[PDB]
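The form deposited in one PDB entry is given below as one chain in structure tokens.
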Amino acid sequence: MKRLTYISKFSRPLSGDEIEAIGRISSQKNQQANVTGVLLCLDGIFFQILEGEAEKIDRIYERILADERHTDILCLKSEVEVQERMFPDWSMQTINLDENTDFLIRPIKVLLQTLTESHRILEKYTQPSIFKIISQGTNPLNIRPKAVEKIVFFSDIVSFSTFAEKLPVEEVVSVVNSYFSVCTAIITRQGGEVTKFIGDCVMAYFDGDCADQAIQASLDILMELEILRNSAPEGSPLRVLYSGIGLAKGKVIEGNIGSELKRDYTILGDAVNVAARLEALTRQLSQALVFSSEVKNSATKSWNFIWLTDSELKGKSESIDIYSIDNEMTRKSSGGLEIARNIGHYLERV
């Protein structure tokens, strides 16, 4: 069997009658599918366990994911190879804890509430990739470090210190958060992983054989930022939000790095500084995207590559050749140093 456990938040106020009505329908349908489980609610949070044959469970879960009456859905546990039903008598038992007043329940309710509030806050400070691992039955704190080949992505905002000195603090933070949201959505869609924010820079990585997807993410980010600049409100600082991107490939160490108070599951190795140094080169070029020959040679599609005969990196073992993509964007960009001048003059007047 399969057994799923998830929690979610009310999308809107729901009465006890409305909740009982959801239970009735759930029971009617689960009974037909030979599915059992329990549904609990407390102070605007749903908890549910559902168990049955795998295909049927996936179908039910897809409908539940589409239900507009809850949101912020998070699967806490996905058990496959289940051997015995936990609630064999219950097609769907509904337990509204708001309305319960039993003796021993009362202290458990309070503990359940306090832990849930805490857990839903921590979710926002922790990586989604960590939760997936937990829900698959693995404790990520016990994963051993390993050497692995990756593509490292590094981006940073051009002349950001100008923002921080000409605008109110709420507006500065609003710009960086918009930049970080744009990058995360695209990188995640292309199969990559944002692993660290560093001031105004984004560090992310892709599998060692995904150069195509890292290149595609980079071009889509740059295109998304152009669209944002041209459609921003009059006087918006987003009109002068520009980025540079660098990509490198190499063997890195992946694992739990940190102290006893706080760790991250992240990567370590020379490819990280190489991507950082490449990203910094975009400040002296019209190209907003540069990447190493190792990335270029690992790609499998016929990209419009251009070889930049200006490889003047530092801290490189034996120097590396540098490439970019030649597209309309790059040919119609006025150069990194002139853009920093343009940012100052514009923000000095908003």
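Here, rigid core means the biggest group of C-alpha atoms that superpose within 1.5 Å across both forms. The numbering used is simple: start at 1 and walk along the sequence shown.
This next part talks about the form deposited in another entry, which is not shown.
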Seminar exercise, completed: Listed 221, 215, 92, 248; moving between this form and the one not shown by 2 Å or more at the CA after core fit is just 92
Exercise. Against the rigid core, is the Cα displacement of residue 70 between this form and the one not shown at least 2 Å?
Worked result: yes
Problem set entry | Core-superposed C-alpha of residue 81 shifting 2 Å or more between this form and the one not shown | yes
Exercise. Does residue 288 show a Cα shift reaching 2 Å between this form and the one not shown after rigid-core superposition?
Worked result: no
Problem set entry | Residue pair residue 236, residue 336 - Cα distance in the other entry, closer or farther (3 Å or more) | closer
